[PDB]
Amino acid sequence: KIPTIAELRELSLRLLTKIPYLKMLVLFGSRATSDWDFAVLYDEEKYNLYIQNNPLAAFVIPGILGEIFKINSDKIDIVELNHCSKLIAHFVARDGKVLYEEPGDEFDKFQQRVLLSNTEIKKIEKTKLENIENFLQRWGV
């Protein structure tokens, strides 16, 4: 069957040795509040050394999580919190449910670092709405 968030948290302790460069694993999307949406935060040092012996180490996380969580790895979407937009990091911090965390306060330090204010989101909305309106004017629709 589908695993609950509780057993996902317990099974995630096996990730420290399977994914040694992993520092935080957060579940977001439909499963938290369908496909499995995970946000990962790598240790910048270990991942660089890991890529020397693994040319595509980032793309092996879904296969590793699938064998550990006993879920279909073909329905797993991974988001790199190390190199993503400020908008994606905001909603991951706002609605995400942390599954793995080292240290025990990494998710709090992540939320304090990436959470946007309502005014900052409004400014982002205004820029994208202007971009959309400009597209509509150029295309004559």
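Residue numbers here begin at 1 and follow the sequence given.
K.L.:
If I compare the deposited sequence with the modelled residues, how many are absent between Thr33 and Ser34: none, 1 to 3, 4 to 9, or 10 or more?
P.N.:
Unmodelled stretch: 4 to 9 residues.
K.L.:
Hey, which bit's got the bigger mean C-alpha B factor in the entry, 4-12 or 130-138?
P.N.:
Between 4-12 and 130-138, it is 4-12.
K.L.:
Quick check: 106-114 versus 46-54, which has the larger average CA B-factor in the record?
P.N.:
Result: 46-54.
K.L.:
Would you mind ranking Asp77 by its C-alpha B-factor against the rest of the chain and naming the third, lowest, middle or highest?
P.N.:
Tercile = lowest for this residue's CA B-factor.
K.L.:
Should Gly29 be placed in the lowest, middle or highest third of its chain by the C-alpha B factor in the entry?
P.N.:
Ranked within chain, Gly29 CA B lands in the highest tercile.
K.L.:
Lowest, middle or highest third of the chain for the C-alpha temperature factor of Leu41?
P.N.:
Ranked within chain, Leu41 CA B lands in the middle tercile.
K.L.:
Select lowest, middle or highest to describe the third in which the CA B-factor of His90 falls within its chain in this entry.
P.N.:
Lowest third, going by the recorded CA B-factors of the chain.
K.L.:
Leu65: which third of its chain by C-alpha temperature factor?
P.N.:
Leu65: CA B-factor falls in the lowest third of its chain.
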